[PDB]
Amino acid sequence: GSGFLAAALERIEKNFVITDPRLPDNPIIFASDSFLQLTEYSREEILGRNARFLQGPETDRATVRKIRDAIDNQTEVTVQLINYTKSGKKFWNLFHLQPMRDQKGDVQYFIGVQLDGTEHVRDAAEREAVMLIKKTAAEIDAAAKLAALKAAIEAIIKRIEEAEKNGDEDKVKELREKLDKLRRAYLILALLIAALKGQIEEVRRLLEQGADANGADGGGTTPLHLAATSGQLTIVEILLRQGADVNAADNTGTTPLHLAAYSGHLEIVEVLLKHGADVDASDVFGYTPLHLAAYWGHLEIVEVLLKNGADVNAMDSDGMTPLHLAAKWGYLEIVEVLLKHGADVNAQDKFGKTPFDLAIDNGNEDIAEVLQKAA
């Protein structure tokens, strides 16, 4: 167990567990009440155990290895697998692993969100749920991050009272300069969470009280990046009125407009471009918002992005255009709309591949046909 996490994450009420990778076998150190309900095991029967108890016979051993690979490689993963309750009642798990990292970027804990379904969901319904569990794990991370900052404040306030009572002014002078940075950072994260959760009055209040509208976490995330990812037009507009940088880039070169194209929030994209967003801004991998629109199945956003200056033949780090990503993931309607707006069918990726090659390689037999016909 762990009393620190217990306090911060007690209000979430979604199925999730936190595990300690520093202890043998990554045991569960916190389990939500919703998880406890879903699985039927008590908190005592769960804590200190590796979460593989939920596994059973109809559980795809190949999908389980995808999770071992993600834990081992310390990356996030979203999979769908059959899980079993304490009783033996089978149920579908849309599972999301997310490493909890510190400011130096090192893993501290693992977050595991579970979304119970009666059947293996697919296509737009899978994408709708995957976006939602990703947003849940993002909030569990921020809830712990804020709780950690609150704790540091109460701790230095405690040290301040002792040093004041000890006479020692040199210590108080020195402690107050550290507190003045914890307070500084607390409001930066308070505003980052307010945009993420869509709390319009919290956003106005913090900015009204002095919060920097461009204050970013250690990773480069500004409130405008989180408001864009969430689908909060009002907060976006409030942040842009209060002079926020519409072309801000995080440690990964991602701009609010990349996150708006990835999340499928059409209205936000239009407002960001209406305020000076670079339609051809490229992240560390070379993806422009057009590449993110194409890979994620956002039909509507591509038509708007191209109308503002998007290069329909943009090359990511592996020489792939939007016309490539459309055919690899088998989104039929997307390849048609992309090719319509003059996209190169004979475009050379790193392996010299063209849309048709990545369509026959991935089994998409309809797509590969509306490529040799549509050429």
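One-based numbering along the sequence shown.
Comparing 123 to 131 with 144 to 152, the stretch with the higher mean C-alpha B-factor in the PDB entry is 123 to 131. Stretches 19 to 27 and 355 to 363 differ in mean C-alpha B factor, with the higher average recorded for 355 to 363. Across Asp102, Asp168, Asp72, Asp250, the entry's maximum B-factor at the CA atom is seen for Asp168. Per-chain ranking of the deposited C-alpha B factor places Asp180 in the middle third. Ranked by Cα temperature factor within the chain, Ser87 sits in the highest third according to the deposited record. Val279: CA B factor lies in the highest third for its chain, per the PDB record. Among the modelled residues of its chain, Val64 has a C-alpha B-factor that falls in the middle third according to the deposited record. When the modelled residues of the chain are ordered by C-alpha B-factor, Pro289 sits in the middle third.
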